[PDB]
Amino acid sequence: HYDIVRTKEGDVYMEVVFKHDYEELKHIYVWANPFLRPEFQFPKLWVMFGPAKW
Amino acid sequence: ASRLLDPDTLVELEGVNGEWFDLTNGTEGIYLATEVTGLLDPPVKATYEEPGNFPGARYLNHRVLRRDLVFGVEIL
């Protein structure tokens, strides 16, 4: 968002607020099966075993 | 040149009931005294902003404030 502020003593300024690129991972969901329609989600959990980075 | 400075200036008050005072000639026994602040220009607030980390400042706005007028009356 951005604010345009006029204070009672007469200062006028703009403040612009930004969220870091990490925020993308909060607007991405891990589907139970990425490759299928949301109308049919099998297997019921996404489950993966391996080295943590991979 | 030689000259007496005797100005033409007449100062009168009309009161909230429509009664009148001549503060120059004092026909009601009342005269304006030797201390006046707040005739001439009214006070102004001028506002400036810093232009970031650069020389000087930028003008924003200015506003005329209320006129605070301070004076005395000599009463005989």
# chains A, B, ... in the order shown; residues from 1 in each chain; ligands from 1

call {"tool": "interface_residues", "arguments": {"of": "chain A", "to": "chain B", "cutoff": "9 Å", "atoms": "only C-alpha atoms", "output": "PyMOL selection string"}}
result
chain A and resi 9-12

call {"tool": "write_last_selection", "arguments": {"atoms": "N, CA, C and O atoms", "output": "PDB file, in the first residue's frame"}}
result
ATOM      1  N   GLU A   9       0.345  19.959  11.790  1.00  0.00           N
ATOM      2  CA  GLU A   9       1.370  21.005  11.698  1.00  0.00           C
ATOM      3  C   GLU A   9       1.781  21.373  10.260  1.00  0.00           C
ATOM      4  O   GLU A   9       2.534  22.328  10.073  1.00  0.00           O
ATOM      5  N   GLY A  10       1.268  20.677   9.243  1.00  0.00           N
ATOM      6  CA  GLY A  10       1.398  21.060   7.835  1.00  0.00           C
ATOM      7  C   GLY A  10       2.365  20.239   6.977  1.00  0.00           C
ATOM      8  O   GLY A  10       2.540  20.573   5.809  1.00  0.00           O
ATOM      9  N   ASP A  11       2.996  19.185   7.494  1.00  0.00           N
ATOM     10  CA  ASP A  11       3.848  18.310   6.689  1.00  0.00           C
ATOM     11  C   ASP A  11       2.987  17.428   5.783  1.00  0.00           C
ATOM     12  O   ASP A  11       2.053  16.773   6.244  1.00  0.00           O
ATOM     13  N   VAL A  12       3.298  17.420   4.496  1.00  0.00           N
ATOM     14  CA  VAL A  12       2.694  16.508   3.538  1.00  0.00           C
ATOM     15  C   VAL A  12       3.766  15.591   2.982  1.00  0.00           C
ATOM     16  O   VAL A  12       4.818  16.053   2.549  1.00  0.00           O
TER      17      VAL A  12
END

call {"tool": "residues_around", "arguments": {"residues": "region 1-3 of chain A", "least_positions_apart": "4", "cutoff": "6 Å", "atoms": "only C-alpha atoms", "output": "PyMOL selection string"}}
result
chain A and resi 14-17

call {"tool": "atom_distance", "arguments": {"atom1": "CA of residue 5 (chain B)", "atom2": "CA of residue 20 (chain B)"}}
result
27.4 Å

call {"tool": "select_by_dssp", "arguments": {"residues": "chain A", "states": "strand (DSSP E)", "output": "PyMOL selection string"}}
result
chain A and resi 2-6+12-16

call {"tool": "write_last_selection", "arguments": {"atoms": "N, CA and C atoms", "output": "mmCIF file, in the first residue's frame"}}
result
data_model
loop_
_atom_site.group_PDB
_atom_site.id
_atom_site.type_symbol
_atom_site.label_atom_id
_atom_site.label_comp_id
_atom_site.auth_asym_id
_atom_site.auth_seq_id
_atom_site.Cartn_x
_atom_site.Cartn_y
_atom_site.Cartn_z
ATOM 1 N N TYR A 2 0.259 2.410 -0.274
ATOM 2 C CA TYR A 2 0.862 3.707 -0.035
ATOM 3 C C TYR A 2 -0.089 4.629 0.733
ATOM 4 N N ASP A 3 0.467 5.436 1.622
ATOM 5 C CA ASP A 3 -0.206 6.503 2.354
ATOM 6 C C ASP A 3 0.233 7.876 1.854
ATOM 7 N N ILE A 4 -0.707 8.781 1.609
ATOM 8 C CA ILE A 4 -0.449 10.211 1.474
ATOM 9 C C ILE A 4 -0.969 10.884 2.733
ATOM 10 N N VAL A 5 -0.077 11.440 3.537
ATOM 11 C CA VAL A 5 -0.401 11.955 4.871
ATOM 12 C C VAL A 5 -0.272 13.455 4.896
ATOM 13 N N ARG A 6 -1.296 14.164 5.369
ATOM 14 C CA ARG A 6 -1.191 15.571 5.748
ATOM 15 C C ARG A 6 -1.375 15.722 7.250
ATOM 16 N N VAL A 12 3.298 17.420 4.496
ATOM 17 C CA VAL A 12 2.694 16.508 3.538
ATOM 18 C C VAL A 12 3.766 15.591 2.982
ATOM 19 N N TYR A 13 3.535 14.285 2.991
ATOM 20 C CA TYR A 13 4.470 13.298 2.447
ATOM 21 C C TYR A 13 3.742 12.036 1.998
ATOM 22 N N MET A 14 4.437 11.209 1.232
ATOM 23 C CA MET A 14 4.020 9.878 0.839
ATOM 24 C C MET A 14 4.880 8.837 1.545
ATOM 25 N N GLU A 15 4.260 7.809 2.100
ATOM 26 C CA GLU A 15 4.935 6.617 2.594
ATOM 27 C C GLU A 15 4.480 5.419 1.782
ATOM 28 N N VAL A 16 5.427 4.664 1.234
ATOM 29 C CA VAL A 16 5.170 3.449 0.453
ATOM 30 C C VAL A 16 5.726 2.253 1.191
#

call {"tool": "atom_distance", "arguments": {"atom1": "CA of residue 42 (chain B)", "atom2": "CA of residue 57 (chain B)"}}
result
24.4 Å

call {"tool": "atom_distance", "arguments": {"atom1": "CA of residue 13 (chain B)", "atom2": "CA of residue 67 (chain B)"}}
result
16.7 Å

call {"tool": "closest_residue", "arguments": {"among": "B:69, B:1, B:75, B:36", "to": "residue 21 (chain B)", "atoms": "only C-alpha atoms"}}
result
B:75

call {"tool": "residues_around", "arguments": {"residues": "residue 29 (chain B)", "least_positions_apart": "5", "cutoff": "10 Å", "atoms": "only C-alpha atoms", "output": "tab-separated table (two decimals) with N, CA, C and O atoms, in the first residue's frame"}}
result
chain	number	residue	atom	x	y	z
B	21	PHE	N	-16.38	54.79	20.36
B	21	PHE	CA	-15.23	55.41	21.02
B	21	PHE	C	-14.27	55.99	20.00
B	21	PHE	O	-13.81	55.27	19.12
B	22	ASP	N	-13.92	57.26	20.12
B	22	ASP	CA	-12.79	57.87	19.42
B	22	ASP	C	-11.53	57.74	20.27
B	22	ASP	O	-11.36	58.44	21.27
B	23	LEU	N	-10.63	56.84	19.89
B	23	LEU	CA	-9.40	56.56	20.61
B	23	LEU	C	-8.27	57.55	20.28
B	23	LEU	O	-7.21	57.49	20.90
B	73	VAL	N	-5.48	50.95	26.59
B	73	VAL	CA	-6.27	52.16	26.62
B	73	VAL	C	-5.99	52.92	27.91
B	73	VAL	O	-6.11	52.35	28.98
B	74	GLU	N	-5.65	54.20	27.81
B	74	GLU	CA	-5.58	55.17	28.91
B	74	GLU	C	-6.96	55.76	29.22
B	74	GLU	O	-7.57	56.39	28.36
B	75	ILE	N	-7.46	55.58	30.44
B	75	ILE	CA	-8.78	56.05	30.87
B	75	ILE	C	-8.61	57.15	31.91
B	75	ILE	O	-8.06	56.92	32.98
B	76	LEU	N	-9.09	58.36	31.60
B	76	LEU	CA	-8.98	59.53	32.48
B	76	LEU	C	-10.06	59.51	33.57
B	76	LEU	O	-11.24	59.36	33.28
